[PDB]
Amino acid sequence: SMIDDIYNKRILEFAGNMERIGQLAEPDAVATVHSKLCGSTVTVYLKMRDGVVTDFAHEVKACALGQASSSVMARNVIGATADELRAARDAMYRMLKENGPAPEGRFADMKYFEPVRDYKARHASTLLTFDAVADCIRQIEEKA
């Protein structure tokens, strides 16, 4: 089927229930990431301390896969370490581009994004939320 494997029931439930949409009051870093192919955009607001994410907010205007991926991030990002987030982003890259395994731990819900591997046109939109968070981490780290 592939299409029903891509737009599964979990993917459709994620995209429809995105939490923490908006902006943060006094964020430590703000990253905006754009997919030039499809025109999808994700702006992520992040607060951190001692290597741990303490607050999160984002504004999403992406396809269903980008919405579903941003929904999983908003449910599991608070309380995660920078190493946990880079590992999930690293695992997401290797799953879609290198036939790698699905991420695990607090990002085990990305297993439902495995059919997107054979759908190259949606790879950028799905990774928008991961690259926006990693850019905020890189900003807060650079401030030293």
Side-chain angles (χ1 to χ4, degrees), residues 2 5-8 10-12 14-22 24-33 35-36 38 40-60 62-119 121-141 144:
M2 286 309 181
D5 296 319
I6 286 165
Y7 287 91
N8 51 75
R10 299 296 180 100
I11 289 298
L12 294 173
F14 292 149
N17 293 261
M18 282 193 298
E19 302 169 12
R20 297 183 146 83
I21 294 295
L24 286 182
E26 307 168 24
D28 301 338
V30 184
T32 300
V33 179
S35 174
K36 247 163 294 185
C38 60
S40 296
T41 304
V42 166
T43 292
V44 158
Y45 307 82
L46 203 70
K47 285 187 180 182
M48 294 188 64
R49 185 185 179 184
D50 305 319
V52 183
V53 174
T54 62
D55 205 357
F56 178 88
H58 59 167
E59 291 153 353
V60 182
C63 69
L65 280 313
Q67 292 180 352
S69 71
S70 295
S71 176
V72 178
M73 175 69 72
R75 275 168 197 166
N76 304 273
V77 62
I78 296 187
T81 71
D83 293 325
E84 290 178 302
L85 292 169
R86 298 193 216 94
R89 171 170 142 273
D90 182 26
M92 283 298 305
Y93 276 51
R94 300 186 119 95
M95 176 178 64
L96 304 188
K97 259 71 172 61
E98 313 259 14
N99 196 251
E104 290 160 8
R106 57 167 61 246
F107 286 97
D109 280 340
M110 304 307 294
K111 63 188 287 189
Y112 303 120
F113 294 75
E114 188 174 14
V116 191
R117 160 198 297 155
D118 302 321
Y119 195 170
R122 309 295 192 98
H123 286 184
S125 177
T126 306
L127 263 304
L128 291 182
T129 179
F130 288 92
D131 296 324
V133 171
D135 188 73
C136 291
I137 298 179
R138 189 194 53 81
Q139 291 180 36
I140 303 176
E141 288 185 359

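For this chain, numbers begin at 1 and follow the sequence in order. Note: hydrogens, waters and symmetry copies are ignored here, and every other heavy atom, side chains too, is used.
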Check: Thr32/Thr43 side-chain N/O donor and acceptor closer than 3.5 Å: yes

Test side chain to side chain contact (heavy atoms under 4.5 Å, CB included) applied to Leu46 and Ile78, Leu85, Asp135, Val53, the passing residue: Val53

Going by side chain to side chain contact (heavy atoms under 4.5 Å, CB included), name the residues that satisfy it together with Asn99, two or more places apart in sequence or in a different chain. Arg117

Side chain to side chain contact (heavy atoms under 4.5 Å, CB included) filter on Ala134, not counting sequence neighbours, yields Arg89

What are the two closest non-hydrogen atoms of [X] and [Y], and how far apart are they?
X: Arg20; Y: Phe56; value: CD-O, 3.4 Å
X: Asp5; Y: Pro115; value: O-CG, 3.1 Å
X: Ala88; Y: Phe130; value: CB-CE2, 4.0 Å
X: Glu141; Y: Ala144; value: O-CB, 3.6 Å
X: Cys63; Y: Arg122; value: SG-NH1, 3.7 Å

Under the side chain to side chain donor-acceptor pair (under 3.5 Å) rule, collect the residues that match up with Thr81, sequence neighbours excluded. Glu84

Excluding sequence neighbours, so at least two apart, what forms side chain to side chain donor-acceptor pair (under 3.5 Å) with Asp83? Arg86

Partners passing ring-ring contact (aromatic ring centres under 6.0 Å, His included) against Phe113 (at least two apart in sequence or in another chain): none

[Y] side chain reached by [X] side chain, heavy atoms, under 4.5 Å:
X: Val60; Y: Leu128; answer: no
X: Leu127; Y: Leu96; answer: yes
X: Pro103; Y: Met92; answer: yes

Nearest 0.5 Å, what's the [atom1]-[atom2] distance between [X] and [Y]?
X: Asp90; Y: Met95; atom1: CG; atom2: CE; result: 11.5 Å
X: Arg49; Y: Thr54; atom1: CZ; atom2: OG1; result: 9.0 Å
X: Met110; Y: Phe14; atom1: CE; atom2: CZ; result: 8.5 Å

Under 3.5 Å: donor-acceptor pair, side chain of [X], backbone of [Y]:
X: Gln139; Y: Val30; result: yes
X: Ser40; Y: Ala62; result: no
X: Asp55; Y: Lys47; result: no
X: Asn8; Y: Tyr112; result: yes
X: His58; Y: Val42; result: no
X: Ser69; Y: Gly66; result: yes
X: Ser71; Y: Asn17; result: yes

Scan residues 100-111 for pairs that pass side-chain hydrogen bond (donor to acceptor under 3.5 Å, both in side chains), counting only residues two or more places apart or in two chains. none

Apply side-chain contact (heavy atoms from CB on, under 4.5 Å) to the pair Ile6 and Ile11, showing each step before the final yes or no. CA-CA 8 Å; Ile6 286 165; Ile11 289 298; over 6 Å; no

In this structure, is the centre-to-centre distance between the rings of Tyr7 and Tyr119 below 6.0 Å? no

